[PDB]
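Single chain ahead, written as structure tokens, the form deposited in one PDB entry.
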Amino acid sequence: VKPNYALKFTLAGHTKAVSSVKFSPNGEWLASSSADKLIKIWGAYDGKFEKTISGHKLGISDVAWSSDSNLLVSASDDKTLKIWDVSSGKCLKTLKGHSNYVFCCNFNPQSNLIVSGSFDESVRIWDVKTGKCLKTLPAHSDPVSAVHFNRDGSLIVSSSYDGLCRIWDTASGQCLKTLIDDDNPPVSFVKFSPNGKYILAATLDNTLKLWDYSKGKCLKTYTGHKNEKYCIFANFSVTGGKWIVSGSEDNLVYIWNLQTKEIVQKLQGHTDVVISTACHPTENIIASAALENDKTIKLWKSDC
């Protein structure tokens, strides 16, 4: 079985490279962040522009939804994160304390904490209600490319250009595990699987890898795309068939069968690197977004 993703909508309006797109957990919305210092909200099903959220002083590398779809957090070159009330557009809090660009961010499943990673080589844990930094982890020896909470928030996974993925205990801040394979390329992305058993890690040697982090074993590798320079998001697609979805530096979206590791689809149409992809939580919908020479977001839909 193979999906049949087809282009449905192209979303224009960011004035520089897009950096990340994320569907709201309730499926209603797509949020996008850009080097143009803006967040934009779009209808998830029709791509209709909803609103622009502004206030960062420099470009934004990442944005993420709270689990109730009410809040966003963004990570900016202005070395802050910002917590936004999406409905009002208000900036509820500005999270300050990284000493270099903030690159990646996520809420925990409760959405009472935020985790961030930065060019300052640190991972930080922040209280959502007060905006105060609770912990600073001396996590890596190079910029932190991704941070993600596991299913119950007990764990944080981080990835870094230093070649490592690390698993941290949220409560204590202890480093519980370091994961690295036989080669040491920079790690450009990591996230836990939906069931929390696995981590999916991207490295800048054109490779995605599915790990059992408890056993510290690499279970699957996904290849065929181009990824040597950019921190490209990757996703688990679970609404229809079980796929792996990723952008690529050859301007395509790649879709692999999770179990067999075969490429099952490539989506063509962006005019620059596909920096980011997201999978809708209930419908077979992929959002993709591209860099400076393209500046657009595309929505693709499939029957499986």
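Think of the rigid core as the biggest set of C-alphas that the two forms share within 1.5 Å after superposition. One rule holds for the numbers: they count along the sequence shown, beginning at 1.
**Prompt:** Between 176 to 184 and 116 to 124, where do the CA atoms move more in 9 other deposited structures of this protein, taking the root mean square over the structures and residues after a core fit?
**Reply:** Comparing 176 to 184 with 116 to 124, the larger C-alpha deviation in 9 other deposited structures of this protein belongs to 176 to 184.
**Request:** Report the stretch with the higher mean CA temperature factor, choosing between 18 to 26 and 281 to 289 on the basis of the entry.
**Result:** The stretch with the larger average C-alpha B-factor is 281 to 289.
**Request:** Using the B-factors recorded in the PDB entry, average over the C-alpha atoms of 34 to 42 and of 49 to 57, then report which stretch comes out higher.
**Result:** Mean B over CA atoms: larger for 49 to 57.
**Request:** In terms of CA temperature factor as recorded, identify the highest of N235, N70, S248, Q259.
**Result:** That would be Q259.
**Given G97, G117, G216, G163, the residue at which the Cα B factor reaches its maximum** = Largest recorded C-alpha B-factor: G216.
**Prompt:** By the record's CA B-factor, is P138 among the lowest, middle or highest third of residues in the chain?
**Reply:** Ranked within chain, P138 CA B lands in the middle tercile.
**Message:** Splitting the chain's C-alpha B-factors into thirds, which one does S122 fall into?
**Reply:** Ranked within chain, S122 CA B lands in the middle tercile.
**Asked** Should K197 be placed in the lowest, middle or highest third of its chain by the C-alpha B factor in the entry?
**Response** For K197, whose C-alpha B-factor we compare with every modelled residue in the chain, the answer is the highest third.
**Where the record places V264 (Cα B-factor, split into thirds across the chain)** = For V264, whose C-alpha B-factor we compare with every modelled residue in the chain, the answer is the highest third.
**Message:** How does the C-alpha B factor of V102 compare with the rest of the chain: lowest, middle or highest third?
**Reply:** Ranked within chain, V102 CA B lands in the lowest tercile.
Quick note: we don't show the form deposited with a partner chain bound, though the next part is all about it.
**Prompt:** Given that the partner chain is left out here, which of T130, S88, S172, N195 has a heavy atom within 4.5 Å of it in the deposited complex?
**Reply:** Only one listed residue qualifies here, and that residue is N195.
**Message:** Can you tell me whether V264 touches the partner chain? I mean in the deposited complex, with a 4.5 angstroms heavy atom cut-off.
**Reply:** Contact with the partner chain, no.
**Request:** Indicate whether the partner chain has at least one heavy atom within 4.5 Å of a heavy atom of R151 in the deposited complex.
**Result:** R151 belongs to the contact set for the partner chain.
**Prompt:** For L210, is any heavy atom within 4.5 Å of the partner chain in the deposited complex, or not?
**Reply:** Yes - in the deposited complex, heavy atoms of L210 and the partner chain come within 4.5 Å of each other.
**Contact test in the deposited complex: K135 vs the partner chain, heavy atoms, 4.5 Å** = No, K135 sits far enough from the partner chain in the deposited complex that none of its heavy atoms falls within 4.5 Å.
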